[PDB]
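Colleague: To be precise about what I am sending: the file is called start26.cif and holds mmCIF, C-alpha atoms and all ligand atoms.
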```cif
data_protein
#
loop_
_atom_site.label_atom_id
_atom_site.label_comp_id
_atom_site.auth_asym_id
_atom_site.auth_seq_id
_atom_site.Cartn_x
_atom_site.Cartn_y
_atom_site.Cartn_z
CA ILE L 11 21.15 -24.26 18.08
CA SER L 12 23.16 -27.38 17.27
CA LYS L 13 26.25 -28.22 19.31
CA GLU L 14 29.57 -29.82 18.28
CA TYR L 15 28.00 -31.73 15.39
CA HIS L 16 29.92 -29.56 12.87
CA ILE L 17 26.62 -28.39 11.38
CA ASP L 18 26.89 -24.86 10.00
CA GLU L 19 23.91 -22.52 10.27
CA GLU L 20 24.77 -21.19 6.77
CA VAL L 21 25.84 -24.22 4.69
CA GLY L 22 24.53 -27.08 6.84
CA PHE L 23 26.45 -30.32 6.54
CA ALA L 24 29.01 -28.99 4.05
CA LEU L 25 32.39 -27.74 5.20
CA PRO L 26 32.17 -23.95 5.81
CA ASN L 27 34.81 -22.20 3.67
CA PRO L 28 37.05 -25.19 2.89
CA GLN L 29 40.79 -24.87 2.43
CA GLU L 30 42.23 -24.86 -1.09
CA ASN L 31 45.90 -25.57 -0.33
CA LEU L 32 47.85 -27.80 2.02
CA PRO L 33 51.20 -26.65 3.44
CA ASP L 34 54.08 -26.52 0.98
CA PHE L 35 55.26 -29.87 2.38
CA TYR L 36 52.43 -31.49 0.38
CA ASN L 37 53.23 -30.04 -3.04
CA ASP L 38 53.52 -33.56 -4.48
CA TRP L 39 49.92 -34.53 -3.67
CA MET L 40 48.45 -31.14 -4.60
CA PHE L 41 50.27 -31.17 -7.95
CA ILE L 42 48.88 -34.52 -9.14
CA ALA L 43 45.32 -33.64 -8.13
CA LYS L 44 45.18 -30.10 -9.55
CA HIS L 45 46.10 -31.44 -13.02
CA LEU L 46 44.02 -34.63 -13.04
CA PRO L 47 42.35 -34.19 -16.48
CA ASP L 48 45.79 -34.15 -18.13
CA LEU L 49 47.65 -36.88 -16.22
CA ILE L 50 44.82 -39.39 -16.71
CA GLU L 51 44.81 -38.81 -20.47
CA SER L 52 48.62 -38.72 -20.70
CA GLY L 53 48.97 -42.10 -18.96
CA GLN L 54 51.51 -40.75 -16.46
CA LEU L 55 49.05 -40.34 -13.57
CA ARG L 56 49.54 -43.97 -12.50
CA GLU L 57 53.29 -43.50 -13.02
CA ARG L 58 53.40 -40.34 -10.89
CA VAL L 59 51.43 -42.21 -8.24
CA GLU L 60 54.09 -44.94 -8.30
CA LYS L 61 57.03 -42.49 -8.24
CA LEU L 62 55.84 -40.96 -4.98
CA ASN L 63 57.28 -41.02 -1.47
CA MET L 64 55.45 -42.14 1.66
CA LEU L 65 54.73 -38.79 3.29
CA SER L 66 53.52 -38.15 6.84
CA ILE L 67 50.02 -37.17 7.94
CA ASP L 68 51.29 -35.43 11.09
CA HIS L 69 51.69 -32.04 9.38
CA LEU L 70 47.88 -31.89 9.02
CA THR L 71 46.90 -30.12 12.24
CA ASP L 72 43.63 -28.25 11.68
CA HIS L 73 40.38 -29.84 10.57
CA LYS L 74 39.98 -28.11 7.19
CA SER L 75 43.44 -29.29 6.13
CA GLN L 76 42.81 -33.00 6.76
CA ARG L 77 39.55 -32.93 4.78
CA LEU L 78 41.35 -31.48 1.76
CA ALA L 79 44.08 -34.10 2.15
CA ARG L 80 41.33 -36.72 2.11
CA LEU L 81 39.88 -34.91 -0.91
CA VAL L 82 43.14 -34.76 -2.88
CA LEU L 83 44.02 -38.37 -2.03
CA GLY L 84 40.50 -39.62 -2.70
CA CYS L 85 40.51 -38.29 -6.26
CA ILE L 86 43.95 -39.77 -6.98
CA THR L 87 42.80 -43.20 -5.78
CA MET L 88 39.70 -43.23 -7.99
CA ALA L 89 41.81 -41.88 -10.85
CA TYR L 90 44.59 -44.42 -10.27
CA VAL L 91 42.44 -47.53 -9.84
CA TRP L 92 40.24 -46.67 -12.84
CA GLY L 93 42.78 -44.93 -15.08
CA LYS L 94 41.13 -43.57 -18.20
CA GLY L 95 38.00 -45.48 -17.16
CA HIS L 96 37.69 -48.24 -19.75
CA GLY L 97 38.80 -51.48 -18.06
CA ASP L 98 42.49 -51.21 -17.13
CA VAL L 99 41.77 -51.51 -13.41
CA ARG L 100 44.63 -51.38 -10.90
CA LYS L 101 43.59 -53.81 -8.17
CA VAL L 102 46.54 -52.64 -6.02
CA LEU L 103 47.13 -49.23 -4.43
CA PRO L 104 50.84 -48.36 -4.07
CA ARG L 105 52.20 -48.03 -0.56
CA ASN L 106 53.58 -44.49 -0.86
CA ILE L 107 49.96 -43.39 -1.35
CA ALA L 108 47.89 -46.21 0.19
CA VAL L 109 49.13 -45.96 3.79
CA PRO L 110 48.97 -42.12 4.06
CA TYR L 111 45.39 -42.20 2.75
CA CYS L 112 44.50 -45.00 5.18
CA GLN L 113 46.13 -43.16 8.10
CA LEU L 114 44.16 -39.97 7.44
CA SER L 115 40.95 -41.94 6.83
CA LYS L 116 41.31 -43.67 10.20
CA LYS L 117 41.94 -40.20 11.65
CA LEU L 118 38.68 -38.66 10.40
CA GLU L 119 36.72 -41.89 11.12
CA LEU L 120 36.08 -42.21 7.37
CA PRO L 121 36.70 -45.09 4.96
CA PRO L 122 39.75 -44.91 2.66
CA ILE L 123 37.65 -44.13 -0.42
CA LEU L 124 36.23 -40.97 -1.98
CA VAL L 125 32.81 -40.24 -0.47
CA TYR L 126 30.11 -37.56 -0.70
CA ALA L 127 31.73 -35.68 2.20
CA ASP L 128 34.91 -35.18 0.15
CA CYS L 129 33.81 -34.28 -3.39
CA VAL L 130 30.76 -32.21 -2.38
CA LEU L 131 31.04 -30.95 1.20
CA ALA L 132 34.73 -29.93 1.19
CA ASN L 133 35.14 -29.30 -2.56
CA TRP L 134 34.13 -25.70 -3.30
CA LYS L 135 35.07 -22.04 -2.96
CA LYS L 136 33.58 -18.60 -3.56
CA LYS L 137 34.75 -16.72 -6.64
CA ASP L 138 34.09 -13.40 -4.88
CA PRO L 139 34.07 -13.35 -1.04
CA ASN L 140 31.51 -10.51 -1.08
CA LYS L 141 28.99 -11.96 -3.54
CA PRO L 142 26.58 -14.60 -2.18
CA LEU L 143 26.54 -18.38 -2.66
CA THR L 144 25.19 -19.08 -6.15
CA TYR L 145 26.26 -21.34 -8.99
CA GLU L 146 27.56 -18.44 -11.09
CA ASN L 147 29.67 -17.23 -8.14
CA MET L 148 30.97 -20.60 -6.86
CA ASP L 149 33.41 -23.12 -8.29
CA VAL L 150 34.78 -26.56 -7.45
CA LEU L 151 38.33 -27.38 -6.32
CA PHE L 152 39.04 -30.62 -8.20
CA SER L 153 37.81 -32.53 -11.24
CA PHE L 154 38.36 -35.80 -13.11
CA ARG L 155 38.33 -35.30 -16.90
CA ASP L 156 37.72 -32.52 -19.41
CA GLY L 157 34.00 -31.87 -19.84
CA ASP L 158 32.75 -34.38 -17.26
CA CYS L 159 30.29 -31.86 -15.73
CA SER L 160 31.91 -32.57 -12.36
CA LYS L 161 31.54 -28.87 -11.58
CA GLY L 162 27.80 -29.01 -12.22
CA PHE L 163 27.26 -32.42 -10.61
CA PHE L 164 29.03 -31.42 -7.38
CA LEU L 165 28.04 -27.75 -7.07
CA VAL L 166 24.35 -28.43 -7.76
CA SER L 167 24.51 -31.24 -5.19
CA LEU L 168 26.20 -28.81 -2.79
CA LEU L 169 23.72 -26.03 -3.63
CA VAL L 170 20.74 -28.02 -2.34
CA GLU L 171 22.67 -28.83 0.85
CA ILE L 172 22.80 -25.09 1.55
CA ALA L 173 19.02 -24.77 1.16
CA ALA L 174 18.59 -27.53 3.75
CA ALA L 175 20.81 -25.54 6.14
CA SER L 176 17.85 -23.20 6.66
CA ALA L 177 15.81 -26.26 7.74
CA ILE L 178 18.32 -28.11 9.95
CA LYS L 179 18.61 -25.04 12.18
CA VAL L 180 14.90 -25.47 12.97
CA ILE L 181 15.42 -28.98 14.39
CA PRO L 182 16.37 -27.73 17.90
CA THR L 183 13.33 -25.45 17.79
CA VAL L 184 11.00 -28.40 17.14
CA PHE L 185 12.49 -30.68 19.80
CA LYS L 186 12.23 -28.06 22.55
CA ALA L 187 8.72 -27.14 21.39
CA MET L 188 7.68 -30.74 22.09
CA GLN L 189 9.43 -30.65 25.47
CA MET L 190 7.83 -27.38 26.60
CA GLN L 191 4.39 -28.37 25.23
CA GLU L 192 4.04 -25.24 23.08
CA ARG L 193 1.81 -26.12 20.13
CA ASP L 194 1.96 -22.92 18.06
CA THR L 195 5.77 -22.88 18.28
CA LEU L 196 5.74 -26.43 16.89
CA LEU L 197 3.13 -25.73 14.20
CA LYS L 198 5.10 -22.87 12.65
CA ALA L 199 8.43 -24.67 13.11
CA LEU L 200 6.99 -27.62 11.19
CA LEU L 201 5.62 -25.28 8.51
CA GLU L 202 9.03 -23.60 8.26
CA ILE L 203 10.92 -26.88 7.77
CA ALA L 204 8.41 -27.88 5.10
CA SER L 205 8.81 -24.50 3.38
CA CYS L 206 12.61 -24.72 3.29
CA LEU L 207 12.30 -28.21 1.80
CA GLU L 208 10.02 -26.64 -0.82
CA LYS L 209 12.73 -24.12 -1.73
CA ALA L 210 15.32 -26.92 -1.81
CA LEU L 211 13.42 -28.67 -4.61
CA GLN L 212 13.76 -25.59 -6.82
CA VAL L 213 17.51 -25.71 -6.22
CA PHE L 214 17.37 -29.31 -7.48
CA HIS L 215 16.03 -27.99 -10.80
CA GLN L 216 19.38 -26.37 -11.67
CA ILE L 217 20.99 -29.74 -12.46
CA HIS L 218 19.59 -29.76 -16.01
CA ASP L 219 21.38 -26.53 -16.98
CA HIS L 220 24.86 -27.59 -15.83
CA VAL L 221 25.04 -31.39 -16.35
CA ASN L 222 24.69 -33.48 -19.54
CA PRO L 223 23.09 -36.97 -19.60
CA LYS L 224 25.69 -39.05 -21.43
CA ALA L 225 28.62 -36.89 -20.31
CA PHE L 226 27.74 -37.93 -16.74
CA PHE L 227 26.96 -41.60 -17.38
CA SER L 228 30.16 -42.31 -19.32
CA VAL L 229 32.77 -40.02 -17.74
CA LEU L 230 31.86 -38.99 -14.20
CA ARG L 231 29.88 -42.05 -13.08
CA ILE L 232 32.79 -44.39 -13.87
CA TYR L 233 35.17 -42.60 -11.49
CA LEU L 234 32.59 -42.30 -8.70
CA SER L 235 31.91 -46.05 -8.63
CA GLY L 236 33.76 -47.97 -5.92
CA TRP L 237 34.76 -51.58 -5.30
CA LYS L 238 32.11 -53.21 -3.09
CA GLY L 239 30.27 -55.87 -5.05
CA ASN L 240 31.81 -54.42 -8.22
CA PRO L 241 32.73 -57.15 -10.74
CA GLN L 242 35.93 -55.41 -11.88
CA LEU L 243 37.38 -55.80 -8.36
CA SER L 244 35.76 -59.04 -7.20
CA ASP L 245 37.38 -58.79 -3.75
CA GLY L 246 38.12 -55.06 -3.58
CA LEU L 247 41.33 -53.05 -3.38
CA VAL L 248 44.49 -54.07 -1.54
CA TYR L 249 46.04 -51.16 0.35
CA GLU L 250 49.67 -52.21 -0.04
CA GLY L 251 51.47 -51.85 3.28
CA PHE L 252 48.30 -51.51 5.36
CA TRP L 253 45.99 -54.50 4.82
CA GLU L 254 47.22 -57.93 3.73
CA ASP L 255 43.72 -58.78 2.41
CA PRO L 256 41.74 -56.91 -0.26
CA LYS L 257 39.13 -54.65 1.32
CA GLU L 258 35.66 -54.02 -0.12
CA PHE L 259 34.44 -50.42 0.15
CA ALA L 260 31.35 -48.88 -1.41
CA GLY L 261 31.63 -46.02 -3.87
CA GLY L 262 29.88 -42.67 -3.68
CA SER L 263 26.11 -42.25 -3.72
CA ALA L 264 23.41 -39.84 -2.59
CA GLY L 265 22.79 -42.09 0.42
CA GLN L 266 25.96 -40.63 1.95
CA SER L 267 24.32 -37.20 1.89
CA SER L 268 23.39 -36.49 5.49
CA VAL L 269 20.33 -34.41 4.57
CA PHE L 270 19.12 -37.57 2.81
CA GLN L 271 18.57 -39.33 6.16
CA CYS L 272 18.32 -36.15 8.25
CA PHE L 273 14.61 -35.47 7.70
CA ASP L 274 13.50 -39.08 7.24
CA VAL L 275 14.64 -39.67 10.82
CA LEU L 276 13.19 -36.41 12.16
CA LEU L 277 9.68 -36.93 10.76
CA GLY L 278 9.50 -40.44 12.23
CA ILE L 279 9.78 -42.15 8.83
CA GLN L 280 11.31 -45.54 9.71
CA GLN L 281 13.47 -45.67 6.59
CA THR L 282 15.98 -47.94 8.37
CA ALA L 283 13.35 -50.40 9.64
CA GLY L 284 12.99 -53.93 8.34
CA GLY L 285 15.58 -56.01 6.55
CA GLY L 286 15.07 -54.32 3.20
CA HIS L 287 17.91 -53.40 0.88
CA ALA L 288 17.13 -49.68 1.22
CA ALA L 289 16.99 -49.86 5.02
CA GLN L 290 20.30 -51.74 5.12
CA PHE L 291 22.02 -49.47 2.59
CA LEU L 292 20.89 -46.34 4.45
CA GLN L 293 22.40 -47.75 7.66
CA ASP L 294 25.64 -48.89 6.00
CA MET L 295 26.17 -45.43 4.48
CA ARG L 296 26.21 -43.80 7.92
CA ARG L 297 29.74 -45.17 8.34
CA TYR L 298 30.63 -43.17 5.20
CA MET L 299 29.61 -39.85 6.81
CA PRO L 300 31.80 -37.66 9.03
CA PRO L 301 31.77 -38.67 12.71
CA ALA L 302 29.99 -35.47 13.77
CA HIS L 303 27.10 -36.21 11.40
CA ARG L 304 26.94 -39.87 12.46
CA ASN L 305 26.15 -38.67 15.98
CA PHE L 306 23.77 -35.92 14.83
CA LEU L 307 21.62 -38.43 12.96
CA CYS L 308 22.03 -40.53 16.10
CA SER L 309 20.84 -37.77 18.43
CA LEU L 310 17.65 -37.33 16.41
CA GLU L 311 16.66 -40.99 16.78
CA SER L 312 17.45 -40.70 20.50
CA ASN L 313 15.17 -37.68 20.91
CA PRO L 314 11.42 -38.38 21.24
CA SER L 315 9.54 -39.24 18.07
CA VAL L 316 8.00 -36.18 16.43
CA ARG L 317 5.52 -38.36 14.52
CA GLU L 318 3.88 -39.94 17.57
CA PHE L 319 3.63 -36.49 19.19
CA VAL L 320 1.44 -35.31 16.30
CA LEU L 321 -0.48 -38.59 16.00
CA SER L 322 -1.32 -38.50 19.72
CA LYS L 323 -2.62 -34.94 20.17
CA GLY L 324 -5.57 -35.55 17.84
CA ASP L 325 -4.77 -32.13 16.36
CA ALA L 326 -5.65 -31.91 12.67
CA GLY L 327 -3.76 -28.63 12.40
CA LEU L 328 -0.56 -30.35 13.51
CA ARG L 329 -1.39 -33.31 11.25
CA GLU L 330 -1.54 -31.00 8.21
CA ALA L 331 1.67 -29.13 9.07
CA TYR L 332 3.55 -32.40 9.61
CA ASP L 333 2.12 -33.85 6.39
CA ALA L 334 3.55 -30.85 4.51
CA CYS L 335 7.12 -31.84 5.39
CA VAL L 336 6.41 -35.40 4.22
CA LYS L 337 4.91 -34.09 0.97
CA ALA L 338 7.99 -31.91 0.44
CA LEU L 339 10.11 -35.05 0.75
CA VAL L 340 7.97 -36.99 -1.73
CA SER L 341 8.28 -34.06 -4.15
CA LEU L 342 12.07 -34.46 -3.91
CA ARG L 343 12.07 -38.26 -4.16
CA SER L 344 9.83 -37.93 -7.23
CA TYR L 345 12.19 -35.38 -8.81
CA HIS L 346 15.32 -37.32 -7.82
CA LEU L 347 13.67 -40.36 -9.40
CA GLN L 348 13.13 -38.41 -12.63
CA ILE L 349 16.76 -37.26 -12.84
CA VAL L 350 17.99 -40.86 -12.65
CA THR L 351 15.89 -41.81 -15.69
CA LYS L 352 17.28 -39.10 -17.97
CA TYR L 353 20.83 -39.59 -16.67
CA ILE L 354 21.27 -43.33 -16.07
CA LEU L 355 18.52 -45.48 -17.61
CA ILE L 356 18.30 -43.82 -21.03
CA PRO L 357 22.09 -43.39 -21.42
CA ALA L 358 22.53 -47.02 -20.30
CA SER L 359 20.25 -48.05 -23.18
CA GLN L 360 22.62 -46.16 -25.53
CA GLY L 381 21.49 -48.98 -14.07
CA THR L 382 18.38 -50.17 -12.25
CA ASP L 383 19.93 -51.07 -8.88
CA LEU L 384 19.80 -47.39 -7.93
CA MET L 385 16.34 -47.15 -9.52
CA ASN L 386 14.74 -49.94 -7.47
CA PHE L 387 16.45 -48.51 -4.38
CA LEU L 388 15.24 -44.92 -4.81
CA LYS L 389 11.68 -46.08 -5.53
CA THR L 390 11.57 -47.76 -2.11
CA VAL L 391 12.69 -44.74 -0.08
CA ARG L 392 10.00 -42.71 -1.85
CA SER L 393 7.39 -45.45 -1.37
CA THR L 394 8.11 -45.43 2.37
CA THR L 395 7.79 -41.63 2.42
CA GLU L 396 4.31 -41.75 0.87
CA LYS L 397 3.20 -44.35 3.43
CA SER L 398 3.99 -41.87 6.23
CA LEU L 399 1.10 -39.56 5.33
CA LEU L 400 -1.92 -39.28 7.62
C1 LIG C 501 22.35 -34.12 -7.45
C2 LIG C 501 21.89 -35.48 -6.90
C3 LIG C 501 23.16 -36.37 -6.56
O1 LIG C 501 22.94 -37.54 -6.52
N1 LIG C 501 24.49 -35.88 -6.28
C4 LIG C 501 25.68 -36.66 -5.94
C5 LIG C 501 25.82 -38.07 -6.16
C6 LIG C 501 26.97 -38.79 -5.83
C7 LIG C 501 28.04 -38.13 -5.24
CL1 LIG C 501 29.51 -39.01 -4.81
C8 LIG C 501 27.96 -36.77 -5.00
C9 LIG C 501 26.81 -36.06 -5.34
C10 LIG C 501 20.97 -35.32 -5.61
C11 LIG C 501 21.30 -34.32 -4.52
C12 LIG C 501 20.44 -33.82 -3.33
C13 LIG C 501 19.81 -35.15 -2.85
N2 LIG C 501 19.00 -35.04 -1.64
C14 LIG C 501 19.29 -34.45 -0.39
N3 LIG C 501 18.31 -34.52 0.50
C15 LIG C 501 17.24 -35.20 -0.15
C16 LIG C 501 15.95 -35.57 0.27
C17 LIG C 501 15.10 -36.24 -0.60
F1 LIG C 501 13.87 -36.62 -0.27
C18 LIG C 501 15.56 -36.54 -1.92
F2 LIG C 501 14.71 -37.19 -2.73
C19 LIG C 501 16.81 -36.19 -2.35
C20 LIG C 501 17.66 -35.52 -1.48
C21 LIG C 501 21.08 -36.05 -2.90
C22 LIG C 501 21.62 -35.72 -4.30
#
```
Could you show the structure in this file as structure tokens?
Modeller:
Amino acid sequence: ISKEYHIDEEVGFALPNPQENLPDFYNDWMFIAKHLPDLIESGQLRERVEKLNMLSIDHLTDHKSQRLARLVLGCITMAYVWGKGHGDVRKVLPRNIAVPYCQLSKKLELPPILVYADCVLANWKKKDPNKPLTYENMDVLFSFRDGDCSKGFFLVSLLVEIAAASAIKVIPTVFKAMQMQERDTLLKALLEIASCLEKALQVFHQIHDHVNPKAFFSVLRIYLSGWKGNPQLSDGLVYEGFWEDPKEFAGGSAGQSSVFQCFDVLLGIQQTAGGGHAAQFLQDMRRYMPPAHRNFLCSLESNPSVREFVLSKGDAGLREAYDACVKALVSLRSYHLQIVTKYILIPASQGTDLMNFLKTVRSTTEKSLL
């Protein structure tokens, strides 16, 4: 059983039952975010961000409240800087909203920009508290524009994180099986992690039914892009009243998903080795995860290597069970690679930086087989 890594045995890395409402003191922030599709189109979003007061973060006591306040402020920032999403970029964030978002981001050890942990892990709720977690029974908390498939893009992303929750709980079982030298306990525990990663691929299939190719490329992808190496903000975003210099921060990508790196590290796949772009990007995106997940990924690399344990015993039965988890990963990297073609490459032709990246993390996964 995992410790104070804020990993839930039911939903995994996602926030378990996230809050929907801040205290009534923060009605100004909750109002702008809950009506984002209308204020962006009406042109008064950026006005209502300017006619704001500099509120205090101190009223955010419990954990679930600060995450939402990062979630509400993260969406406003992406909506403010990008506007309707056609070129009118605001290279300055106003102080009455820049310094409260930077205070809370420094609080949660997160960057002051919308990340995967905000719009996926803490951005959901159950329609019926008695009916189980499925797409038809769950809904998002915030969106960008009308018909952007942000419900489908985020809930399907979240749905696969819940399938991995049934595999992360097996990690302590594997690590103590190696310590106690119990082979059968390790063989089944490896088979179980593989099997849950097999079920997680079927959850990935749902993305076609709830997300549209060009509705994602044109509407949602524009607001999720950040300002690190982005040409529209050559130096980044100035946080007025917090940093005198413009600060470069990466946007949101699947690399910030903790299950992305969770099993690469466990199975001994040195995805962060070498000076490659994928190995550097996977290490840089750890700073964009919650602090509890930064240390959980850290604790796995500290624990003994599971790969060398199987490669040493000369046990073909263990070699086949371990190879099943690697094959389950390749099946996901090969499906994730397919989704990017239908959703980025072909829309972009009426783009390839994510393509060349995701081919390398899969290529490394195939080279791990025995
Ligand atoms: C639906 C897609 C998405 O990119 N969602 C998204 C993007 C940006 C933002 Cl900001 C928020 C959500 C994909 C989901 C599940 C993915 N995944 C998790 N563990 C994986 C292990 C693997 F081997 C693998 F190949 C993919 C794996 C990550 C994203």
Colleague: In Å, with one decimal, what is the gap from CA of residue 13 in chain L to atom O1 of ligand LIG 501 (chain C)?
Modeller: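 For CA of residue 13 in chain L relative to atom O1 of ligand LIG 501 (chain C), the distance reads 27.7 Å.
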Colleague: Hey, what's within 12 Å of residue 315 in chain L if we count all atoms listed in the file and toss same-chain stuff fewer than 6 positions away? As JSON, numbers by chain, please?
Modeller: {"L": [184, 185, 188, 189, 274, 275, 276, 277, 278, 279, 280, 309, 321, 322]}
Colleague: Restricting the output to C-alpha atoms, write the selected residues as an mmCIF file, in the coordinates of the input.
Modeller:
```cif
data_model
loop_
_atom_site.group_PDB
_atom_site.id
_atom_site.type_symbol
_atom_site.label_atom_id
_atom_site.label_comp_id
_atom_site.auth_asym_id
_atom_site.auth_seq_id
_atom_site.Cartn_x
_atom_site.Cartn_y
_atom_site.Cartn_z
ATOM 1 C CA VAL L 184 11.000 -28.400 17.140
ATOM 2 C CA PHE L 185 12.490 -30.680 19.800
ATOM 3 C CA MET L 188 7.680 -30.740 22.090
ATOM 4 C CA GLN L 189 9.430 -30.650 25.470
ATOM 5 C CA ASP L 274 13.500 -39.080 7.240
ATOM 6 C CA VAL L 275 14.640 -39.670 10.820
ATOM 7 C CA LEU L 276 13.190 -36.410 12.160
ATOM 8 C CA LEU L 277 9.680 -36.930 10.760
ATOM 9 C CA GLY L 278 9.500 -40.440 12.230
ATOM 10 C CA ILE L 279 9.780 -42.150 8.830
ATOM 11 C CA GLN L 280 11.310 -45.540 9.710
ATOM 12 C CA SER L 309 20.840 -37.770 18.430
ATOM 13 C CA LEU L 321 -0.480 -38.590 16.000
ATOM 14 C CA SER L 322 -1.320 -38.500 19.720
#
```
Colleague: What does the distance between CA of residue 358 in chain L and CA of residue 258 in chain L come to in Å, to one decimal place?
Modeller: 25.1 Å
Colleague: Could I get the residue neighbourhood of ligand LIG 501 (chain C) at 6 Å, counting all atoms listed in the file, as a VMD selection string?
Modeller: chain L and resid 125 to 126 130 164 167 170 234 262 to 264 267 269 to 270 339 342 to 343 346
Colleague: Just checking: using only C-alpha atoms, which residue out of L:30, L:156, L:192, L:396 ends up closest to residue 344 in chain L?
Modeller: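 Of L:30, L:156, L:192, L:396, the one nearest residue 344 in chain L, counting only C-alpha atoms, is L:396.
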Colleague: Show me, as lines of an AutoDock Vina configuration file, the centre and edge lengths in Å to one decimal of the axis-aligned box that covers every listed atom of range 314-330 of chain L with 4 Å on each side.
Modeller:
```
center_x = 2.9
center_y = -34.3
center_z = 14.7
size_x = 25.1
size_y = 19.3
size_z = 21.0
```
Colleague: Show which residues sit within 8 Å of range 281-293 of chain L, as a list in words. Count all atoms listed in the file, and ignore same-chain residues fewer than 4 positions away.
Modeller: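 That gives residues 265, 271, 274, 275, 297, 387, 388, 390, 391 and 394 of chain L.
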Colleague: What's around range 219-228 of chain L at 9 Å? Count all atoms listed in the file, leave out sequence neighbours fewer than 3 positions away in its own chain, and write the answer as a ChimeraX atom specification.
Modeller: /L:95,157-163,166,215-216,231-232,352-354,356-358,360
Colleague: What lies within 10 Å of residue 38 in chain L using all atoms listed in the file, ignoring chain neighbours under 2 positions off, as a ChimeraX atom specification?
Modeller: /L:34-36,40-43,58-59,62-63,65
Colleague: Given the choices L:272, L:177, L:197, L:165, which gets closest to residue 329 in chain L if the distance is worked out from all atoms listed in the file?
Modeller: L:197
Colleague: Taking only C-alpha atoms into account, which of L:182, L:301, L:84, L:142 comes nearest residue 236 in chain L?
Modeller: L:84
Colleague: Find the residue from L:31, L:106, L:348, L:382 that sits nearest to residue 218 in chain L; use all atoms listed in the file when measuring.
Modeller: L:348
Colleague: Quick one, how far is CA of residue 71 in chain L from CA of residue 32 in chain L?
Modeller: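 Calculated distance between CA of residue 71 in chain L and CA of residue 32 in chain L is 10.5 Å.
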Colleague: Find the spatial neighbours of residue 273 in chain L, counting only C-alpha atoms, within a cut-off of 10 Å - ignore same-chain residues fewer than 5 positions away - and output them as a VMD selection string.
Modeller: chain L and resid 174 177 to 178 181 203 207 268 278 to 279 307 310 335 to 336 339
Colleague: Check the smallest atom-to-atom distance from each of L:255, L:302, L:93, L:210 to residue 175 in chain L using all atoms listed in the file, then report the winner.
Modeller: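 Distance minimum relative to residue 175 in chain L lands on L:210.
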Colleague: Rank L:150, L:326, L:114, L:229 by their smallest atom-to-atom distance to residue 129 in chain L, using only C-alpha atoms, and report the top residue only.
Modeller: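 Closest candidate: L:150.
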Colleague: Starting from the point (51.4, -53.2, 0.7), work out which residues of protein, DNA or RNA have an atom no more than 12 Å away when counting only C-alpha atoms; state them as a PDB file with C-alpha atoms, in the frame of the given file.
Modeller:
```
ATOM      1  CA  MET L  64      55.450 -42.140   1.660  1.00  0.00           C
ATOM      2  CA  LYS L 101      43.590 -53.810  -8.170  1.00  0.00           C
ATOM      3  CA  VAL L 102      46.540 -52.640  -6.020  1.00  0.00           C
ATOM      4  CA  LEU L 103      47.130 -49.230  -4.430  1.00  0.00           C
ATOM      5  CA  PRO L 104      50.840 -48.360  -4.070  1.00  0.00           C
ATOM      6  CA  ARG L 105      52.200 -48.030  -0.560  1.00  0.00           C
ATOM      7  CA  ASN L 106      53.580 -44.490  -0.860  1.00  0.00           C
ATOM      8  CA  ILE L 107      49.960 -43.390  -1.350  1.00  0.00           C
ATOM      9  CA  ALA L 108      47.890 -46.210   0.190  1.00  0.00           C
ATOM     10  CA  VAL L 109      49.130 -45.960   3.790  1.00  0.00           C
ATOM     11  CA  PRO L 110      48.970 -42.120   4.060  1.00  0.00           C
ATOM     12  CA  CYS L 112      44.500 -45.000   5.180  1.00  0.00           C
ATOM     13  CA  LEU L 247      41.330 -53.050  -3.380  1.00  0.00           C
ATOM     14  CA  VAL L 248      44.490 -54.070  -1.540  1.00  0.00           C
ATOM     15  CA  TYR L 249      46.040 -51.160   0.350  1.00  0.00           C
ATOM     16  CA  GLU L 250      49.670 -52.210  -0.040  1.00  0.00           C
ATOM     17  CA  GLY L 251      51.470 -51.850   3.280  1.00  0.00           C
ATOM     18  CA  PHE L 252      48.300 -51.510   5.360  1.00  0.00           C
ATOM     19  CA  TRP L 253      45.990 -54.500   4.820  1.00  0.00           C
ATOM     20  CA  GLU L 254      47.220 -57.930   3.730  1.00  0.00           C
ATOM     21  CA  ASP L 255      43.720 -58.780   2.410  1.00  0.00           C
ATOM     22  CA  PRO L 256      41.740 -56.910  -0.260  1.00  0.00           C
TER      23      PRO L 256
END
```
